[PDB]
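These values consider heavy atoms only, across backbone and side chains, with no hydrogens, waters or symmetry-generated copies. Numbering of ligands and ligand atoms starts at 1, following listing order. Sequence lines set the chain letters: A, B, ... in the order given, protein chains first and strands last, and positions in each chain run from 1.
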6 protein chains.
Amino acid sequence: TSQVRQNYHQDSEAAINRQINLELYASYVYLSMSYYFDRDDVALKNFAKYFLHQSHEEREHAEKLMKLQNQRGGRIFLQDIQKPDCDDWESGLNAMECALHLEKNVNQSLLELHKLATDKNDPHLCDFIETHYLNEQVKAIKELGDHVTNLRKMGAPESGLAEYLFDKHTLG
Amino acid sequence: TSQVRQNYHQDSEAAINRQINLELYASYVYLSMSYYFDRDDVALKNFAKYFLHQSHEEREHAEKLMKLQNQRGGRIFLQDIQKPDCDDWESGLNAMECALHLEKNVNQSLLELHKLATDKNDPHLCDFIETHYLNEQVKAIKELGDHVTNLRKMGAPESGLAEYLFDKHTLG
Amino acid sequence: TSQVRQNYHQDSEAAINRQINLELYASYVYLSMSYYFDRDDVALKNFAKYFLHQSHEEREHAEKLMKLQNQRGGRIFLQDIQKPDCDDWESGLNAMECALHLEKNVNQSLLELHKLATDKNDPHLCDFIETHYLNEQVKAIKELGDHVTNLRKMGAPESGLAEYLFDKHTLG
Amino acid sequence: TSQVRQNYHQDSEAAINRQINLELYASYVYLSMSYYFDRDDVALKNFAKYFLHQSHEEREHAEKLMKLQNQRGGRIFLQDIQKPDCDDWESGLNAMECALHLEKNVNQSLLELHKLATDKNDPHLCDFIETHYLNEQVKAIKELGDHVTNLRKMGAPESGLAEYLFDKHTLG
Amino acid sequence: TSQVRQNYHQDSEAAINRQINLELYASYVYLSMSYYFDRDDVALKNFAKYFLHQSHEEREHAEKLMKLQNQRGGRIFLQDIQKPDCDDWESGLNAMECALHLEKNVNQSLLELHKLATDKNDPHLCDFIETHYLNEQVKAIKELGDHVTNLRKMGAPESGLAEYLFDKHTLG
Amino acid sequence: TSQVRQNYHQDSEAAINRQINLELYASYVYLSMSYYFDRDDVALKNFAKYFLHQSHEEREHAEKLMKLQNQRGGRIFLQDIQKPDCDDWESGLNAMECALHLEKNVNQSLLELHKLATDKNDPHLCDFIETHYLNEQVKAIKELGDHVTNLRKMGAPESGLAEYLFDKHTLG
Ligand SMILES: [Zn+2]
Ligand SMILES: [Zn+2]
Ligand SMILES: [Zn+2]
Ligand SMILES: [Zn+2]
Ligand SMILES: [Zn+2]
Ligand SMILES: [Zn+2]
Ligand SMILES: [Zn+2]
Ligand SMILES: [Zn+2]
Ligand SMILES: [Zn+2]
Ligand SMILES: [Zn+2]
Ligand SMILES: [Zn+2]
Ligand SMILES: [Zn+2]
Ligand SMILES: [Zn+2]
Ligand SMILES: [Zn+2]
Ligand SMILES: [Zn+2]
Ligand SMILES: [Zn+2]
Ligand SMILES: [Zn+2]
Ligand SMILES: [Zn+2]
Ligand SMILES: [Zn+2]
Ligand SMILES: [Zn+2]
Ligand SMILES: [Zn+2]
Ligand SMILES: [Zn+2]
Ligand SMILES: [Zn+2]
Ligand SMILES: [Zn+2]
Ligand SMILES: [Zn+2]
Ligand SMILES: [Zn+2]
Ligand SMILES: [Zn+2]
Ligand SMILES: [Zn+2]
Ligand SMILES: [Zn+2]
Ligand SMILES: [Zn+2]
Ligand SMILES: [Zn+2]
Ligand SMILES: [Zn+2]
Ligand SMILES: [Zn+2]
Ligand SMILES: [Zn+2]
Ligand SMILES: [Zn+2]
Ligand SMILES: [Zn+2]
Ligand SMILES: [Zn+2]
Ligand SMILES: [Zn+2]
Ligand SMILES: [Zn+2]
């Protein structure tokens with residue numbers, strides 16, 4: 001038991017470790033998406049840049065959780081970072097749809113972590129999740145939904161013109 | 001009777017109060033339109049920004065009328081601000097068409113207020129309406145007509161590509 | 001159902017729409033108060049400025065709720081904005097008392113919205129209300145109570161000297 | 001009953017007064033520690049500076065609680081500030097250990113105040129404690145644990161060389 | 001016996017410790033007064049600011065005595081800081097009267113400490129008290145007397161107008 | 001077959017994918033080390049900063065390989081990123097020893113990739129590895145060897161004083 005540990009349940013500590021893994025996994029998914037759009041037979045550079053930026057941001061989200069774990073006197077336990085489900089992400093629209101799905105799963109995990117905090121009467125953890133994670137999730141999901149809608153309305157994925165113009169005018 | 005009141009007919013005072021309400025109503029219509037384009041299943045941010053700017057401007061038009069009322073020694077009498085006719089505004093083109101209709105109704109009201117000023121021999125009121133309202137109305141109506149024309153010519157509302165490109169290249 | 005909607009109860013969505021209306025109503029009350037103090041037979045310009053600033057701020061509070069509604073995938077449903085209870089607000093002290101009453105009612109509404117968030121296990125909504133609304137309400141209520149106290153202690157509303165000096169030295 | 005008081009339980013008001021006292025007590029403990037390290041037969045100036053900075057900060061924490069009490073319409077009731085348990089704090093390591101103990105007790109008090117807020121359905125108070133107090137406590141406890149660990153690992157308290165070097169390289 | 005101790009009587013050391021407590025007590029009295037004027041049913045912000053500034057200054061006076069104690073090789077012995085005599089300070093005038101009384105008591109203590117220095121042939125202590133304390137006391141007492149006189153002459157405490165105007169024009 | 005692919009052997013493409021994984025693994029190892037030194041019972045902040053910087057750099061090394069893969073018309077195939085061998089890294093010296101071992105393994109992999117380039121007559125790949133990877137590896141290995149030597153010579157790992165001073169004077 002850490003000299004700093006106070007009001008920090010074992011289940012909370014465990015849930016923080018699972019969340020660290022999931023943020024790293026999200027970082028990996030976006031890394032994979034980024035370089036998909038970098039392929040010469042896809043060649044959408046702003047989609048590539050956009051997803052690379054999200055990949056780095058996910059990694060910072062994981063790091064903030066690792067910091068929290070140590071702050072509370074928990075012990076970080078790392079697990080393998082699983083490869084993403086896809087190697088080929090099909091189209092800008094499909095990637096955006098997949099990202100939306102991803103972010104909703106990450107949000108679901110964060111909402112379960114928050115429920116756990118409530119159940120264990122851990123308001124420091126409640127605040128950490130509310131302040132640093134919940135609104136970032138809502139913003140990300142809204143942004144991704146907006147992107148999906150625009151791409152669909154423009155005629156993606158069948159219209160390569162649509163994806164090209166979106167890459168320049170929204171992601172550019 | 002106000003110590004400042006001079007050459008200010010009761011009918012003029014009443015008409016100014018109705019005009020205050022109508023400007024507020026216009027502010028509300030544009031507010032509703034703005035957040036329609038902010039929906040995740042619409043997602044046209046510059047349409048949203050454009051209509052939000054018009055909403056604020058309408059509110060300032062109402063405030064200038066309230067100032068005029070007090071300047072002339074009239075008494076402001078506020079009425080409910082009615083919700084707009086629509087909750088769902090359908091498409092960028094439809095919203096622009098509705099705005100054009102709105103502005104022509106506001107203009108018609110202002111032209112009746114001006115006729116009243118003429119009929120009551122109130123040149124201060126004539127000048128107020130001519131200087132601050134009539135050309136703003138003509139400019140707004142011309143701008144909205146231009147937007148409707150472009151959107152129609154581009155293939156809106158069936159072309160979501162059209163609305164997307166207009167949002168970037170005209171409203172952006 | 002919105003593609004972005006997650007953990008967002010229908011009752012929460014409905015309560016957000018009622019809160020949007022109430023913020024707009026508060027904007028209207030303060031607008032009415034502002035121009036009351038602008039009357040030539042009242043003529044307290046800093047009271048007028050103070051209430052106009054609050055009117056604009058209320059409108060921004062309503063806009064932030066409309067943004068939240070769309071962020072969460074709810075659907076904004078606007079209602080009429082009711083005219084305020086008063087046309088004539090009597091005195092600076094009376095207006096401040098009325099504002100205090102208003103803000104306590106808005107606070108009560110926000111506390112019920114927060115209870116609903118708790119009851120529906122919606123920590124994103126809890127955070128939104130806590131972060132953006134609850135302390136603003138406490139600050140507003142404390143400020144208005146301070147103003148009421150000063151005005152009473154100075155001899156308002158019977159002392160027009162008192163209201164005049166307060167307008168210059170506190171609201172100026 | 002204050003004109004501003006709303007949703008503010010008597011038990012919450014009482015708990016805020018006890019917390020004000022405890023913050024003042026913490027300010028006193030750190031003041032005592034600071035001047036201990038200022039003694040000619042101790043003579044660790046950065047330990048002295050570090051604890052003096054914490055003493056001032058505690059006093060500001062107490063002041064923010066007094067502000068909150070008045071904001072909510074509670075009534076501040078001050079109690080004696082008890083002298084610290086020690087006059088002689090022994091060594092840098094011992095002082096850091098004592099500070100760690102202190103901060104964990106302050107944290108425990110804040111967690112009980114937060115539980116009370118939950119129990120009384122006072123989300124404004126929940127937010128105040130979460131936003132302004134809980135993470136400051138976690139940060140302080142982590143920092144103090146880090147200092148204790150370094151000092152122990154360096155050979156303190158038996159190594160005066162260790163305390164000297166820590167004073168320069170960590171607290172300097 | 002400290003290696004630095006020279007010409008420093010035990011009675012002087014003891015008197016310095018009592019003076020440290022009294023300065024801390026004065027800091028507490030002013031802290032209590034400050035937040036009294038911050039109450040929503042008092043609401044004199046410059047009285048609040050003025051007394052808060054004095055509270056901080058008293059704390060610095062206590063710190064300078066603790067520094068002196070260590071400089072001379074004495075040993076600081078802290079005592080409880082007693083709560084002030086009042087929770088409710090009644091009016092600006094009454095608070096100023098109480099402050100005047102306080103400062104005259106602090107001055108009396110400092111004059112006894114100076115007599116002790118003379119009696120023990122401790123010119124370093126004489127100089128410390130003369131240079132850093134005696135004229136600050138005379139200035140504080142004169143300032144407080146001036147404030148009391150103005151407030152009385154303006155019609156305080158019965159005139160809340162008087163206290164309001166003094167807060168703006170003297171303490172503002 | 002990519003339209004851009006030229007002189008790029010399938011075995012080279014495969015080896016680049018394995019190298020991408022190994023760089024990611026190295027990023028993970030350093031991430032784990034970084035937060036180990038961030039623990040309250042380790043508390044060496046510059047060791048933590050140093051390893052965090054290496055973690056980010058490894059991630060950039062992986063990204064440059066993914067860019068190369070696409071440049072050459074190869075297809076990126078991601079694999080799981082394995083958790084590091086250790087959860088607890090024991091001491092600064094042990095972590096540095098482990099890092100040295102890691103970097104020598106990464107170097108061995110890069111030397112095999114270079115041999116493959118030679119064997120497949122791929123001078124573009126030879127140049128890529130020589131220019132961007134081989135000297136970075138030699139520099140990293142030399143730096144880590146220097147750190148190990150200093151730490152051993154200072155008395156690490158038994159001397160916590162040694163690790164503390166190294167953290168400040170070399171990694172600070
Ligand atoms: Zn994330
Ligand atoms: Zn990072
Ligand atoms: Zn796997
Ligand atoms: Zn994410
Ligand atoms: Zn919570
Ligand atoms: Zn909470
Ligand atoms: Zn919060
Ligand atoms: Zn208008
Ligand atoms: Zn305005
Ligand atoms: Zn209606
Ligand atoms: Zn208009
Ligand atoms: Zn005319
Ligand atoms: Zn004319
Ligand atoms: Zn003209
Ligand atoms: Zn509001
Ligand atoms: Zn706005
Ligand atoms: Zn009505
Ligand atoms: Zn309000
Ligand atoms: Zn809540
Ligand atoms: Zn919450
Ligand atoms: Zn504190
Ligand atoms: Zn302060
Ligand atoms: Zn005691
Ligand atoms: Zn503290
Ligand atoms: Zn809470
Ligand atoms: Zn809460
Ligand atoms: Zn003093
Ligand atoms: Zn100080
Ligand atoms: Zn006592
Ligand atoms: Zn004093
Ligand atoms: Zn003397
Ligand atoms: Zn002398
Ligand atoms: Zn004046
Ligand atoms: Zn590498
Ligand atoms: Zn990168
Ligand atoms: Zn594995
Ligand atoms: Zn490396
Ligand atoms: Zn070669
Ligand atoms: Zn070569």
Any N, O or S atom of D:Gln79 closer than 2.8 Å to the Zn ion (ligand 29) |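 No, outside the cut-off.
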
So which N/O/S atom does E:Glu58 have closest to the Zn ion (ligand 27)?
->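 The atom in question is OE1.
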
When rounded to the nearest 0.5 angstrom, what distance separates CZ in D:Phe77 from CD1 in D:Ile20?
->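 Those atoms lie 11.0 Å apart.
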
Rounded to the nearest 0.5 Å, what separation is found between the OG atom of D:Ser34 and the NZ atom of E:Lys67?
->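 One gets 10.5 Å once the value is rounded to the nearest 0.5 Å.
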
C:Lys153 side chain vs E:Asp41 backbone, donor-acceptor pair below 3.5 Å =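 Yes, C:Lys153 side chain to E:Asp41 backbone: donor-acceptor pair under 3.5 Å.
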
Under 2.8 Å from the Zn ion (ligand 27), is there an N/O/S atom belonging to E:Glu136?
->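 No N, O or S atom of E:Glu136 is closer than 2.8 Å to the Zn ion (ligand 27), so no.
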
Angle subtended at the Zn ion (ligand 27) by ND1 of E:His61 and OE1 of E:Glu23, to 10 degrees?
->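 Computed angle, vertex at the Zn ion (ligand 27), rounded to 10 degrees: 110°.
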
List the atom of E:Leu125, the atom of E:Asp122, and the distance in Å for their closest heavy-atom pair.
->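 In this case the closest contact between E:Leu125 and E:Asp122 is N-OD1, 3.1 Å.
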
Under 4.0 Å between a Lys/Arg side-chain N and an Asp/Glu carboxylate O for E:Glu63 and E:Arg59?
->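 E:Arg59 and E:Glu63: salt-bridged.
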
Considering only N, O or S atoms, which atom of D:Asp80 is nearest to the Zn ion (ligand 29)?
->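 Atom name of the closest N, O or S in D:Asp80: OD2.
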
